[PDB]
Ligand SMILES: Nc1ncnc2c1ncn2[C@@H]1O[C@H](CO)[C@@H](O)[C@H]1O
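Here's a solo chain for you in structure tokens, the form solved without this ligand.
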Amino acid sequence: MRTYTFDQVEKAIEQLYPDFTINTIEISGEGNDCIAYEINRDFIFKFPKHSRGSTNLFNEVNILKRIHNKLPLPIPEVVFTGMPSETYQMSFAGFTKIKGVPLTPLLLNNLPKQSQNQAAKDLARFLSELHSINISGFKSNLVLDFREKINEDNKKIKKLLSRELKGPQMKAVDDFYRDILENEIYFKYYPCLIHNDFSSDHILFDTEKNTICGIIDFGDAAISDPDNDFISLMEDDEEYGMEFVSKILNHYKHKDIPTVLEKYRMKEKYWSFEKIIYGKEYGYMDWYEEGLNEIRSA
């Protein structure tokens, strides 16, 4: 897990942007795969902490360039890029900063009812448009084979938990992966471009106007199941209401809400296994054990 000083940052940007003058630089945030720097108050540079993060940062750039000016909400625009470097595909990238503030669930709930309603509508419209983008020219590296994903998870966890669980408790998971793979509802969907990390901290809001005014962070975006974009928002007490998103599903014209709820219920259970897998890949020994604890409890 890599780390950067302000200087290392300034100098990587100079390297390939010799005419670019850096007046101000502060840290804008940090996630599991990039550190974000706010530069000259106008740009957001993302620097990857590992290979996977660089690949996501590469995929984000590619995707933002290709859906530029096709959506009903502003999205960041790519202006700077870095370059491959051994392991890393990307190395950094600079996006325009979209002014605005996260549509936090607290912010949302403090809003007038009509303003809550207009937000649900605007989100609905955005996803409707996003999910309608023609997907013909996307390569495979951007497609998400869900069943392959579950199959490869099932292998990683069988290896991890072989040192952690006795037979009786291990059948409970073995049973859970089987139940999943046998249920077509997860695999039989009409695939489309999805944000795939669509939640409150990536939905920007303009309090002067009282309207959503940006959508950010396309690093996970991919060709996958459109229902994933509503599941991301449904967690009560952490994300938006289970009641708010049902307003979104309704402006969107969803024809099977019970299936979304069924997929949500499964993703909720699946979270423990992702903790175990990512806890081990990042080194987060606290993610690992907490996901492990959750499983000992099945």
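One rule holds for the numbers: they count along the sequence shown, beginning at 1.
The same protein also has a form deposited with this ligand bound, omitted here; what follows describes it.
Heavy atom contact within 4.5 Å of this ligand in the deposited bound form, the stretch among 185-193, 122-130, 153-161, 95-103 | Checking each option against the 4.5 Å cut-off leaves 95-103.
Quick one: of 165, 144, 204, 73, which gets a non-hydrogen atom within 4.5 angstroms of this ligand in the deposited bound form?
-> The residue in contact is 204.
Could you confirm whether residue 242 comes within 4.5 Å of this ligand in the deposited bound form, counting heavy atoms only?
-> Residue-level check for residue 242: no, no contact with this ligand.
Residue 217 within 4.5 Å of this ligand in the deposited bound form, heavy atoms | Heavy-atom contact with this ligand at 4.5 Å: present for residue 217.
Applying a 4.5 Å heavy atom distance criterion, does residue 256 contact this ligand in the deposited bound form?
-> Residue 256: no, not in contact with this ligand in the deposited bound form.
Touches this ligand in the deposited bound form: residue 30 (any heavy atom, 4.5 Å) = Taking the distances in the deposited bound form, the answer for residue 30 is yes, it comes within 4.5 Å of this ligand.
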